[PDB]
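Have a look at the structure below, then the notes.
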Ligand SMILES: CC(C)=CC(=O)NCc1cc(-c2nn(CCCN3CCOCC3)c3c2CN(C(=O)CC2CCN(C(=O)OC(C)(C)C)CC2)CC3)ccc1C(F)(F)F
């Protein structure tokens, strides 16, 4: 039986919240965020991986369009194919499309595989968050209430299951009888609760949080 509440920040597995700015790279930030947690678990080191590396390099071949959108799964596929991803320190985020300047000399992580979860199964997402670590998910963030969110458990009656914003589910919980998903965003500290939003859990795949989940792994 799973833990009632999970918060991977308490295990030192989550990097600082990032700020994507006018570049639509949330897919890239969700992908590194998931891989940072696996890297921490394996090596004991928490390091920001280069979202910019994904923006500039995981491009046409992976169905991604850099600052105009992308997918976490094919981002993971690029890191597998590329046999590494640079540290964010060595490949900083500039919030625009650049030439791919990946440099294996500054490889901070690798990716062995990635696993996708079934559409809509919040129970399965719960299990994956408890047993594997933070999970990359899309959410429907095209709502003013989302941008304007400050605290508490978010619920948007007009939310759809059609995701359009990549985020990181770093845990789950319960606040005053309202179940939520603990979601790491890429809009800086001033969005929501220190850059995090707690979104309704077990409310029929609210905002599509469980539409398209996936997490990577770094194998021995
Ligand atoms: C480049 C761009 C701009 C990308 C983008 O958008 N990224 C957002 C996003 C998409 C998906 C996602 N992954 N996958 C599966 C992988 C597909 N491939 C990826 C690359 O190659 C390998 C496989 C789907 C979706 C979105 N998706 C839906 O939501 C379902 C549809 C329901 C209703 N619609 C419909 O009927 O569409 C018609 C009308 C026919 C056009 C529209 C949407 C369709 C299927 C998952 C996560 C994210 C997020 F980044 F946010 F995290």
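Residue numbering: from 1, along the chain as shown.
From the backbone N, Cα and C atoms, a Cβ is placed for every residue, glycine too.
On its own chain, residue 165 (active site) has 26, 138, 139, 140, 141, 142 as residues at least 6 apart in sequence with a Cβ closer than 8 Å to its own Cβ. Residues annotated as active site in Swiss-Prot: 165 (among others).
Per Swiss-Prot, the feature active site maps to 185 (among others). For the recorded site, residue 185 (active site), the DSSP three-state label reads coil. There are 28 other CB atoms within 10 A of the CB of residue 185 (active site), with all protein chains counted.
Within 10 Å of the C-beta of residue 13 (disulfide bond) we count 20 further C-beta atoms, all protein chains included. The annotation disulfide bond is assigned in Swiss-Prot to 13-111 (among others).
The feature disulfide bond is assigned by Swiss-Prot to 23-67 (among others). Cβ-based neighbour count (10 Å, all protein chains) for residue 23 (disulfide bond) stands at 18.
All protein chains included, residue 57 (disulfide bond) registers 25 other Cβ atoms within 10 Å of its own Cβ. Marked as disulfide bond by Swiss-Prot: 57-100 (among others).
Taken from Swiss-Prot, the feature disulfide bond covers 159-207 (among others), and the record attributes it to experimental evidence. In the three-state DSSP scheme, residue 207 (disulfide bond) falls into the helix class. For residue 207 (disulfide bond), the number of other Cβ atoms no farther than 10 Å from its own Cβ, over all displayed protein chains, is 32.
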**Under 8 Å by Cβ from residue 111 (disulfide bond), counting only residues of that chain that are 6 or more apart** = 35, 76, 79, 80, 85, 216, 217, 218
**Complete:** Taking only the CA atoms, the spacing between residue 185 (active site) and residue 23 (disulfide bond), expressed in whole angstrom, is 14
**Prompt:** Secondary structure at residue 165 (active site) (DSSP, helix/strand/coil)?
**Reply:** strand
**Message:** Any of the recorded positions 23, 67, 100, 165 with a C-beta atom under 6 A from ligand 1? Give them in order, or none.
**Reply:** 165
